[PDB]
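First comes one chain, alone, set out as structure tokens in the form deposited in one PDB entry.
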């Protein structure tokens, strides 16, 4: 009998009972001639004491993280050993028998330290004994259940899709698997279940979900395999997918006791880029971008003679020392931008900083009113191509929030971002780490199977820059936590998307024929969404890195300090691989 009672539930009312606990030696301390340990199991901790005889002699072997079974009599602790901070704090187990189920060597790190990432991954099994990490895993399980419960209630069917398949393009490279029985051929682990979930709508399943494993080989806080909550529905429009996504987000945030107000805000891509410099905007604070391109259209200041000029306002920043302002330049350089021009606004409205003297009287006179500044403030400006200037202002805005302590650590600010344009230049995609769908000068903003908005259906291939899509992202605290779209369900439209990314009919049929052929047999309208489940769990847990909510994660570049994967193989094993 290794266990008769859980350690966390003993109380004074249990005095006189004989119990057997099994768990681990959290701490050991010696006072008098006697040995005290805290014995920990999943339900909590009880003090155990070894007072006489052979059990006292045996207790001398005990050290941190020994695994033990102890039988003994529950007792009320003496006056003044009571520990009021723990639920079993009034009692202890006076030990009768002790059995060492497993010894522990001295630890690479004690459980009350946090060690380097490499050590914590290497000894992840010890890390997970610490309260924080272990509760992260317990939470994650609860988060999976909260999602499944809402989905089941709304008649979604859970369906497992293949992982040894053909490639789906989600913007990364594929992980490959050589096929022993077909020398020279490979399976691809899937970047997402996208193609399968679409087929499942053609199959009449109507409402699908999966908590599915996805594989993307990318630049590396990024893991080579990761988890999505993946959903698809038939006969829907975006609102329907949003509405059910909201129910799932509500149930999920309920797991940490936050009541999510519904429905969630929405904002268009254009407007998110305009005001926040980001398609993943952090709305826990203001500090919005203000466009000044038109404002400065007649400037004689070389720097503001540009496609784009924009500003953000730092509350109270005119007081900043010259040192700190030089620091703002470093800030921008460390992100590959020329810098941040600025205007200091005095208490009497007078303008200083280096910019001031380059303005005209008209420009000086209307400026504060134009950017919404106040006496005492600091106006930063970025000028250049619209896309780069906005990202810089988008970053700047965040740094301003940090320095002025404007982000409430308990706040949850969500928004949908909708009305995404349909395409990205392929130049911008290759150099941002992503993989373009093909060799064409355009590629998908979301993915190739994303539908144009009805009004963009005729022109998306002849005027790609203007084309709008029926895609939607869900953002929480400046993180993308999900995205989806209404799909294309016709071959002609889908092939037109592929052709302009340089995939002609024949290649489209070779690489995606099974989907295109399926469109010929009564395909319904459909669409869906996937949530980044690691990211969502990480947020609920209050941690910054998804490594903290994955049981056995990789580090950087796919290094696995726990098992030392990936590893080479024998020449024999390689011959039998059928590779080569």
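Just so we're on the same page, rigid core means the largest C-alpha set that superposes within 1.5 Å between forms. Positions refer to the first chain, counted from 1.
The same protein has a further form, the form deposited in another entry, not shown here; the description that follows concerns it.
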Which residue moves between the shown form and the other one, judged by a Cα shift of 2 Å or more on the rigid core: 141, 99, 110, 439?
439
When you overlay the rigid core, is the Cα of residue 153 off by 2 Å or more between the shown form and the other one?
no
Classify residue 299 as shifted (yes) or not shifted (no) between the shown form and the other one, where shifted means its C-alpha moves by 2 Å or more with the rigid core superposed.
yes
Per-residue C-alpha change between the shown form and the other one, residue 336, threshold 2 Å, rigid core fit:
yes
Answer with closer or farther for the CA-CA spacing of residue 197 and residue 430 in the other form compared to the shown form; it moves by 3 Å or more.
farther
